[PDB]
Structure formats: C-alpha cells, structure tokens
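Heads up, final28.pdb below (PDB, N, CA and C atoms):
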MODEL        1
ATOM      1  N   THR A   1      11.795  -6.915 -10.915  1.00  0.00           N
ATOM      2  CA  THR A   1      10.522  -7.502 -11.380  1.00  0.00           C
ATOM      3  C   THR A   1       9.394  -6.481 -11.319  1.00  0.00           C
ATOM      4  N   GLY A   2       8.836  -6.160 -12.477  1.00  0.00           N
ATOM      5  CA  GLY A   2       7.713  -5.247 -12.536  1.00  0.00           C
ATOM      6  C   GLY A   2       6.432  -5.898 -12.071  1.00  0.00           C
ATOM      7  N   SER A   3       6.360  -7.209 -12.236  1.00  0.00           N
ATOM      8  CA  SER A   3       5.224  -7.981 -11.770  1.00  0.00           C
ATOM      9  C   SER A   3       5.521  -8.560 -10.390  1.00  0.00           C
ATOM     10  N   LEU A   4       5.278  -7.764  -9.362  1.00  0.00           N
ATOM     11  CA  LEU A   4       5.575  -8.172  -8.000  1.00  0.00           C
ATOM     12  C   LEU A   4       4.312  -8.668  -7.307  1.00  0.00           C
ATOM     13  N   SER A   5       3.168  -8.476  -7.957  1.00  0.00           N
ATOM     14  CA  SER A   5       1.880  -8.885  -7.402  1.00  0.00           C
ATOM     15  C   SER A   5       1.644 -10.379  -7.630  1.00  0.00           C
ATOM     16  N   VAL A   6       2.708 -11.143  -7.495  1.00  0.00           N
ATOM     17  CA  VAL A   6       2.691 -12.566  -7.806  1.00  0.00           C
ATOM     18  C   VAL A   6       1.948 -13.381  -6.744  1.00  0.00           C
ATOM     19  N   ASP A   7       0.623 -13.467  -6.911  1.00  0.00           N
ATOM     20  CA  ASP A   7      -0.253 -14.302  -6.074  1.00  0.00           C
ATOM     21  C   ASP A   7      -0.457 -13.721  -4.679  1.00  0.00           C
ATOM     22  N   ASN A   8       0.552 -13.042  -4.162  1.00  0.00           N
ATOM     23  CA  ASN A   8       0.427 -12.353  -2.891  1.00  0.00           C
ATOM     24  C   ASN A   8      -0.535 -11.186  -3.059  1.00  0.00           C
ATOM     25  N   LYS A   9      -1.294 -10.888  -2.022  1.00  0.00           N
ATOM     26  CA  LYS A   9      -2.264  -9.810  -2.081  1.00  0.00           C
ATOM     27  C   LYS A   9      -1.564  -8.462  -2.039  1.00  0.00           C
ATOM     28  N   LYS A  10      -1.157  -7.992  -3.203  1.00  0.00           N
ATOM     29  CA  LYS A  10      -0.500  -6.709  -3.310  1.00  0.00           C
ATOM     30  C   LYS A  10      -1.521  -5.591  -3.214  1.00  0.00           C
ATOM     31  N   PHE A  11      -1.238  -4.647  -2.352  1.00  0.00           N
ATOM     32  CA  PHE A  11      -2.066  -3.477  -2.184  1.00  0.00           C
ATOM     33  C   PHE A  11      -1.230  -2.227  -2.406  1.00  0.00           C
ATOM     34  N   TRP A  12      -1.887  -1.135  -2.717  1.00  0.00           N
ATOM     35  CA  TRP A  12      -1.228   0.140  -2.878  1.00  0.00           C
ATOM     36  C   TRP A  12      -1.781   1.127  -1.881  1.00  0.00           C
ATOM     37  N   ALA A  13      -0.997   1.435  -0.875  1.00  0.00           N
ATOM     38  CA  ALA A  13      -1.403   2.418   0.099  1.00  0.00           C
ATOM     39  C   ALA A  13      -0.953   3.792  -0.344  1.00  0.00           C
ATOM     40  N   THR A  14      -1.923   4.639  -0.623  1.00  0.00           N
ATOM     41  CA  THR A  14      -1.662   5.992  -1.045  1.00  0.00           C
ATOM     42  C   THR A  14      -1.132   6.811   0.126  1.00  0.00           C
ATOM     43  N   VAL A  15       0.180   6.944   0.193  1.00  0.00           N
ATOM     44  CA  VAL A  15       0.810   7.762   1.211  1.00  0.00           C
ATOM     45  C   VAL A  15       0.934   9.179   0.674  1.00  0.00           C
ATOM     46  N   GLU A  16       0.049  10.033   1.128  1.00  0.00           N
ATOM     47  CA  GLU A  16      -0.161  11.334   0.519  1.00  0.00           C
ATOM     48  C   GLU A  16       0.466  12.445   1.348  1.00  0.00           C
ATOM     49  N   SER A  17       0.924  13.480   0.667  1.00  0.00           N
ATOM     50  CA  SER A  17       1.309  14.717   1.318  1.00  0.00           C
ATOM     51  C   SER A  17       0.695  15.882   0.547  1.00  0.00           C
ATOM     52  N   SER A  18       0.972  17.107   0.961  1.00  0.00           N
ATOM     53  CA  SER A  18       0.397  18.276   0.307  1.00  0.00           C
ATOM     54  C   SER A  18       0.836  18.372  -1.156  1.00  0.00           C
ATOM     55  N   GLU A  19       2.105  18.083  -1.412  1.00  0.00           N
ATOM     56  CA  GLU A  19       2.675  18.254  -2.744  1.00  0.00           C
ATOM     57  C   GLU A  19       2.315  17.095  -3.669  1.00  0.00           C
ATOM     58  N   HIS A  20       2.423  15.878  -3.159  1.00  0.00           N
ATOM     59  CA  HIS A  20       2.267  14.687  -3.989  1.00  0.00           C
ATOM     60  C   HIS A  20       1.733  13.519  -3.181  1.00  0.00           C
ATOM     61  N   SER A  21       0.936  12.688  -3.827  1.00  0.00           N
ATOM     62  CA  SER A  21       0.440  11.479  -3.211  1.00  0.00           C
ATOM     63  C   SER A  21       1.237  10.299  -3.729  1.00  0.00           C
ATOM     64  N   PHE A  22       1.807   9.541  -2.822  1.00  0.00           N
ATOM     65  CA  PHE A  22       2.627   8.418  -3.200  1.00  0.00           C
ATOM     66  C   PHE A  22       1.877   7.122  -3.002  1.00  0.00           C
ATOM     67  N   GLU A  23       2.525   6.039  -3.358  1.00  0.00           N
ATOM     68  CA  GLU A  23       1.966   4.713  -3.174  1.00  0.00           C
ATOM     69  C   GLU A  23       3.064   3.696  -2.977  1.00  0.00           C
ATOM     70  N   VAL A  24       2.901   2.887  -1.954  1.00  0.00           N
ATOM     71  CA  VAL A  24       3.864   1.852  -1.633  1.00  0.00           C
ATOM     72  C   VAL A  24       3.134   0.515  -1.519  1.00  0.00           C
ATOM     73  N   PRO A  25       3.734  -0.562  -2.052  1.00  0.00           N
ATOM     74  CA  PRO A  25       3.124  -1.893  -2.045  1.00  0.00           C
ATOM     75  C   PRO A  25       2.929  -2.470  -0.642  1.00  0.00           C
ATOM     76  N   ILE A  26       1.671  -2.603  -0.260  1.00  0.00           N
ATOM     77  CA  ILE A  26       1.291  -3.287   0.964  1.00  0.00           C
ATOM     78  C   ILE A  26       1.057  -4.754   0.650  1.00  0.00           C
ATOM     79  N   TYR A  27       1.425  -5.633   1.558  1.00  0.00           N
ATOM     80  CA  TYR A  27       1.111  -7.036   1.395  1.00  0.00           C
ATOM     81  C   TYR A  27       0.401  -7.556   2.630  1.00  0.00           C
ATOM     82  N   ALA A  28      -0.851  -7.921   2.440  1.00  0.00           N
ATOM     83  CA  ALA A  28      -1.718  -8.358   3.520  1.00  0.00           C
ATOM     84  C   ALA A  28      -2.696  -9.388   2.981  1.00  0.00           C
ATOM     85  N   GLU A  29      -3.660  -9.805   3.777  1.00  0.00           N
ATOM     86  CA  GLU A  29      -4.721 -10.657   3.264  1.00  0.00           C
ATOM     87  C   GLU A  29      -5.914  -9.819   2.823  1.00  0.00           C
ATOM     88  N   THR A  30      -6.447  -9.042   3.755  1.00  0.00           N
ATOM     89  CA  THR A  30      -7.618  -8.229   3.490  1.00  0.00           C
ATOM     90  C   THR A  30      -7.231  -6.781   3.229  1.00  0.00           C
ATOM     91  N   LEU A  31      -8.221  -5.937   3.002  1.00  0.00           N
ATOM     92  CA  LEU A  31      -7.962  -4.545   2.702  1.00  0.00           C
ATOM     93  C   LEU A  31      -7.788  -3.798   4.011  1.00  0.00           C
ATOM     94  N   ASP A  32      -8.495  -4.273   5.019  1.00  0.00           N
ATOM     95  CA  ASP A  32      -8.400  -3.731   6.363  1.00  0.00           C
ATOM     96  C   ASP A  32      -7.014  -3.989   6.926  1.00  0.00           C
ATOM     97  N   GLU A  33      -6.489  -5.160   6.601  1.00  0.00           N
ATOM     98  CA  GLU A  33      -5.150  -5.540   7.005  1.00  0.00           C
ATOM     99  C   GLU A  33      -4.129  -4.680   6.288  1.00  0.00           C
ATOM    100  N   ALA A  34      -4.326  -4.547   4.994  1.00  0.00           N
ATOM    101  CA  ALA A  34      -3.492  -3.692   4.162  1.00  0.00           C
ATOM    102  C   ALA A  34      -3.527  -2.255   4.662  1.00  0.00           C
ATOM    103  N   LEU A  35      -4.705  -1.842   5.082  1.00  0.00           N
ATOM    104  CA  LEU A  35      -4.934  -0.504   5.572  1.00  0.00           C
ATOM    105  C   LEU A  35      -4.151  -0.249   6.852  1.00  0.00           C
ATOM    106  N   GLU A  36      -4.254  -1.166   7.816  1.00  0.00           N
ATOM    107  CA  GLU A  36      -3.508  -1.021   9.053  1.00  0.00           C
ATOM    108  C   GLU A  36      -2.023  -1.161   8.766  1.00  0.00           C
ATOM    109  N   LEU A  37      -1.688  -2.046   7.822  1.00  0.00           N
ATOM    110  CA  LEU A  37      -0.305  -2.274   7.418  1.00  0.00           C
ATOM    111  C   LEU A  37       0.355  -0.962   7.028  1.00  0.00           C
ATOM    112  N   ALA A  38      -0.321  -0.193   6.187  1.00  0.00           N
ATOM    113  CA  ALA A  38       0.161   1.122   5.796  1.00  0.00           C
ATOM    114  C   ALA A  38       0.412   1.999   7.015  1.00  0.00           C
ATOM    115  N   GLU A  39      -0.639   2.324   7.752  1.00  0.00           N
ATOM    116  CA  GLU A  39      -0.518   3.205   8.917  1.00  0.00           C
ATOM    117  C   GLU A  39       0.456   2.640   9.963  1.00  0.00           C
ATOM    118  N   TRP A  40       0.768   1.361   9.832  1.00  0.00           N
ATOM    119  CA  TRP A  40       1.632   0.651  10.766  1.00  0.00           C
ATOM    120  C   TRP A  40       3.099   0.723  10.330  1.00  0.00           C
ATOM    121  N   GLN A  41       3.332   0.452   9.054  1.00  0.00           N
ATOM    122  CA  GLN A  41       4.677   0.277   8.530  1.00  0.00           C
ATOM    123  C   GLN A  41       5.206   1.593   7.992  1.00  0.00           C
ATOM    124  N   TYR A  42       4.273   2.442   7.597  1.00  0.00           N
ATOM    125  CA  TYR A  42       4.565   3.619   6.797  1.00  0.00           C
ATOM    126  C   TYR A  42       4.783   4.861   7.652  1.00  0.00           C
ATOM    127  N   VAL A  43       5.120   4.659   8.914  1.00  0.00           N
ATOM    128  CA  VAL A  43       5.419   5.773   9.806  1.00  0.00           C
ATOM    129  C   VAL A  43       6.668   6.538   9.331  1.00  0.00           C
ATOM    130  N   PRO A  44       7.819   5.851   9.133  1.00  0.00           N
ATOM    131  CA  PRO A  44       9.051   6.496   8.664  1.00  0.00           C
ATOM    132  C   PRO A  44       9.022   6.825   7.169  1.00  0.00           C
ATOM    133  N   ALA A  45       7.859   6.672   6.539  1.00  0.00           N
ATOM    134  CA  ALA A  45       7.714   6.980   5.120  1.00  0.00           C
ATOM    135  C   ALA A  45       7.541   8.484   4.914  1.00  0.00           C
ATOM    136  N   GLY A  46       7.220   9.194   5.990  1.00  0.00           N
ATOM    137  CA  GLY A  46       7.128  10.641   5.926  1.00  0.00           C
ATOM    138  C   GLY A  46       5.744  11.129   5.553  1.00  0.00           C
ATOM    139  N   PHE A  47       5.184  10.557   4.495  1.00  0.00           N
ATOM    140  CA  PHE A  47       3.865  10.954   4.020  1.00  0.00           C
ATOM    141  C   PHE A  47       2.785  10.397   4.941  1.00  0.00           C
ATOM    142  N   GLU A  48       1.543  10.747   4.658  1.00  0.00           N
ATOM    143  CA  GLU A  48       0.423  10.251   5.428  1.00  0.00           C
ATOM    144  C   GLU A  48      -0.425   9.330   4.568  1.00  0.00           C
ATOM    145  N   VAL A  49      -0.636   8.114   5.031  1.00  0.00           N
ATOM    146  CA  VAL A  49      -1.399   7.149   4.260  1.00  0.00           C
ATOM    147  C   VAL A  49      -2.865   7.534   4.265  1.00  0.00           C
ATOM    148  N   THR A  50      -3.302   8.041   3.138  1.00  0.00           N
ATOM    149  CA  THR A  50      -4.636   8.556   3.003  1.00  0.00           C
ATOM    150  C   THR A  50      -5.574   7.488   2.456  1.00  0.00           C
ATOM    151  N   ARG A  51      -5.004   6.535   1.720  1.00  0.00           N
ATOM    152  CA  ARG A  51      -5.801   5.506   1.056  1.00  0.00           C
ATOM    153  C   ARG A  51      -5.041   4.191   0.997  1.00  0.00           C
ATOM    154  N   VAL A  52      -5.764   3.087   0.832  1.00  0.00           N
ATOM    155  CA  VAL A  52      -5.155   1.801   0.496  1.00  0.00           C
ATOM    156  C   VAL A  52      -6.072   1.043  -0.467  1.00  0.00           C
ATOM    157  N   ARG A  53      -5.536   0.656  -1.619  1.00  0.00           N
ATOM    158  CA  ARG A  53      -6.323  -0.020  -2.651  1.00  0.00           C
ATOM    159  C   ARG A  53      -5.688  -1.348  -3.014  1.00  0.00           C
ATOM    160  N   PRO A  54      -6.498  -2.314  -3.436  1.00  0.00           N
ATOM    161  CA  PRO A  54      -6.017  -3.620  -3.857  1.00  0.00           C
ATOM    162  C   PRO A  54      -5.514  -3.619  -5.296  1.00  0.00           C
ATOM    163  N   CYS A  55      -4.284  -4.087  -5.487  1.00  0.00           N
ATOM    164  CA  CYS A  55      -3.706  -4.198  -6.818  1.00  0.00           C
ATOM    165  C   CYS A  55      -4.319  -5.400  -7.525  1.00  0.00           C
ATOM    166  N   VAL A  56      -4.522  -6.478  -6.745  1.00  0.00           N
ATOM    167  CA  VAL A  56      -5.175  -7.720  -7.199  1.00  0.00           C
ATOM    168  C   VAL A  56      -4.901  -8.040  -8.666  1.00  0.00           C
ATOM    169  N   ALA A  57      -3.628  -8.112  -8.998  1.00  0.00           N
ATOM    170  CA  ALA A  57      -3.202  -8.364 -10.356  1.00  0.00           C
ATOM    171  C   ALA A  57      -2.159  -9.463 -10.363  1.00  0.00           C
ATOM    172  N   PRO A  58      -2.139 -10.300 -11.408  1.00  0.00           N
ATOM    173  CA  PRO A  58      -1.135 -11.357 -11.546  1.00  0.00           C
ATOM    174  C   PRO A  58       0.213 -10.811 -12.011  1.00  0.00           C
ATOM    175  N   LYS A  59       0.234  -9.525 -12.341  1.00  0.00           N
ATOM    176  CA  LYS A  59       1.432  -8.878 -12.846  1.00  0.00           C
ATOM    177  C   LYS A  59       1.587  -7.491 -12.228  1.00  0.00           C
TER
ENDMDL
END

Is it possible to give me this structure as structure tokens?
Amino acid sequence: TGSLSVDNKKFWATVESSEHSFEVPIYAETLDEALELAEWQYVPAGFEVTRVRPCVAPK
C-alpha cells in the first residue's frame, strides 16, 4: 500500500547521514511524539534522525 498515511498520524523522520538523508514513517499523535519516536525507535537504523515532519496526508 502506497497510501499508508491512512488516518493515522504518519510522520517522516529524516534519518540523515553524511552520504544520504533517509526517511522512515513515524506514527505518533504530535510532532514532538513523532520526534522522540524517531530518536527512540531509530537507534538500530544506523543513521541519525536530524528531522521529523508530518506527512498529514490521506494517501
């Protein structure tokens, strides 16, 4: 499903490294929650979560 932002608060945490900045779908209520979610869940992701943005899309 390309439209995974189905009503749930989908966020994109920019997990960045020197070579490339990545993004993984965070699911939280607020942006602060999404933000901690990244730095919380994204430890074994390798990259460093530099940003978190709201997808806030129905698709």

Inset, instruction - Might you spell out which residues the PyMOL selection byres ((chain A and resi 53) around 7) would select in the displayed file, as a list in words? - result: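 That selection, the PyMOL selection byres ((chain A and resi 53) around 7), comes back as residues 10, 11, 12, 13, 14, 31, 51, 52, 54, 55 and 56 of chain A.
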
Inset, instruction - Between CA of residue 58 (chain A) and CA of residue 46 (chain A), measure the distance and give it in Å to one decimal. - result: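 We find that CA of residue 58 (chain A) and CA of residue 46 (chain A) lie 29.3 Å from each other.
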
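Across the model, the gap from CA of residue 43 (chain A) to CA of residue 4 (chain A) is 22.6 Å.
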
Inset, instruction - Excluding residue 48 (chain A) and any residue of its chain fewer than 5 positions from it, enumerate the residues within 6.5 Å of it, using all atoms listed in the file, and give them as number ranges by chain. - result: A: 14-17

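Taking atom C of residue 32 (chain A) and atom C of residue 50 (chain A) as the two end points, the separation is 12.4 Å.
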
Inset, instruction - Please provide as a list in words all residues within 12 Å of residue 1 (chain A), with the sequence filter that same-chain residues fewer than 4 positions apart are discarded (counting only C-alpha atoms). - result: residues 5, 6 and 59 of chain A

Inset, instruction - Go through A:57, A:2, A:49, A:9 one by one, measure the shortest atom-to-atom distance of each to residue 29 (chain A) using all atoms listed in the file, and give the residue with the smallest value. - result: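 Among the listed residues, the smallest separation from residue 29 (chain A) belongs to A:9.
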
Inset, instruction - Mind the document's chain letters and residue numbers, and return as a list in words the residues of chain A that DSSP labels strand (DSSP E or B). - result: residues 10, 11, 12, 13, 14, 15, 16, 21, 22, 23, 24, 25, 26, 27, 48, 49, 50, 51, 52, 53 and 54 of chain A

Assign secondary structure with DSSP using the backbone only, and return the residues of chain A in alpha helix (DSSP H) as a PDB file with N, CA and C atoms, in the coordinates of the input.
ATOM      1  N   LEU A  31      -8.221  -5.937   3.002  1.00  0.00           N
ATOM      2  CA  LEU A  31      -7.962  -4.545   2.702  1.00  0.00           C
ATOM      3  C   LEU A  31      -7.788  -3.798   4.011  1.00  0.00           C
ATOM      4  N   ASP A  32      -8.495  -4.273   5.019  1.00  0.00           N
ATOM      5  CA  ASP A  32      -8.400  -3.731   6.363  1.00  0.00           C
ATOM      6  C   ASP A  32      -7.014  -3.989   6.926  1.00  0.00           C
ATOM      7  N   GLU A  33      -6.489  -5.160   6.601  1.00  0.00           N
ATOM      8  CA  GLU A  33      -5.150  -5.540   7.005  1.00  0.00           C
ATOM      9  C   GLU A  33      -4.129  -4.680   6.288  1.00  0.00           C
ATOM     10  N   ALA A  34      -4.326  -4.547   4.994  1.00  0.00           N
ATOM     11  CA  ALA A  34      -3.492  -3.692   4.162  1.00  0.00           C
ATOM     12  C   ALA A  34      -3.527  -2.255   4.662  1.00  0.00           C
ATOM     13  N   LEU A  35      -4.705  -1.842   5.082  1.00  0.00           N
ATOM     14  CA  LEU A  35      -4.934  -0.504   5.572  1.00  0.00           C
ATOM     15  C   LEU A  35      -4.151  -0.249   6.852  1.00  0.00           C
ATOM     16  N   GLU A  36      -4.254  -1.166   7.816  1.00  0.00           N
ATOM     17  CA  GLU A  36      -3.508  -1.021   9.053  1.00  0.00           C
ATOM     18  C   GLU A  36      -2.023  -1.161   8.766  1.00  0.00           C
ATOM     19  N   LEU A  37      -1.688  -2.046   7.822  1.00  0.00           N
ATOM     20  CA  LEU A  37      -0.305  -2.274   7.418  1.00  0.00           C
ATOM     21  C   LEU A  37       0.355  -0.962   7.028  1.00  0.00           C
ATOM     22  N   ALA A  38      -0.321  -0.193   6.187  1.00  0.00           N
ATOM     23  CA  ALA A  38       0.161   1.122   5.796  1.00  0.00           C
ATOM     24  C   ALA A  38       0.412   1.999   7.015  1.00  0.00           C
ATOM     25  N   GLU A  39      -0.639   2.324   7.752  1.00  0.00           N
ATOM     26  CA  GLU A  39      -0.518   3.205   8.917  1.00  0.00           C
ATOM     27  C   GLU A  39       0.456   2.640   9.963  1.00  0.00           C
ATOM     28  N   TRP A  40       0.768   1.361   9.832  1.00  0.00           N
ATOM     29  CA  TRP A  40       1.632   0.651  10.766  1.00  0.00           C
ATOM     30  C   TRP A  40       3.099   0.723  10.330  1.00  0.00           C
ATOM     31  N   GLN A  41       3.332   0.452   9.054  1.00  0.00           N
ATOM     32  CA  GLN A  41       4.677   0.277   8.530  1.00  0.00           C
ATOM     33  C   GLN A  41       5.206   1.593   7.992  1.00  0.00           C
TER      34      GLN A  41
END

Inset, instruction - Could you check which of A:30, A:37, A:3, A:47 is closest to residue 18 (chain A), using only N, CA and C atoms? - result: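 Among A:30, A:37, A:3, A:47, it is A:47 that comes nearest to residue 18 (chain A).
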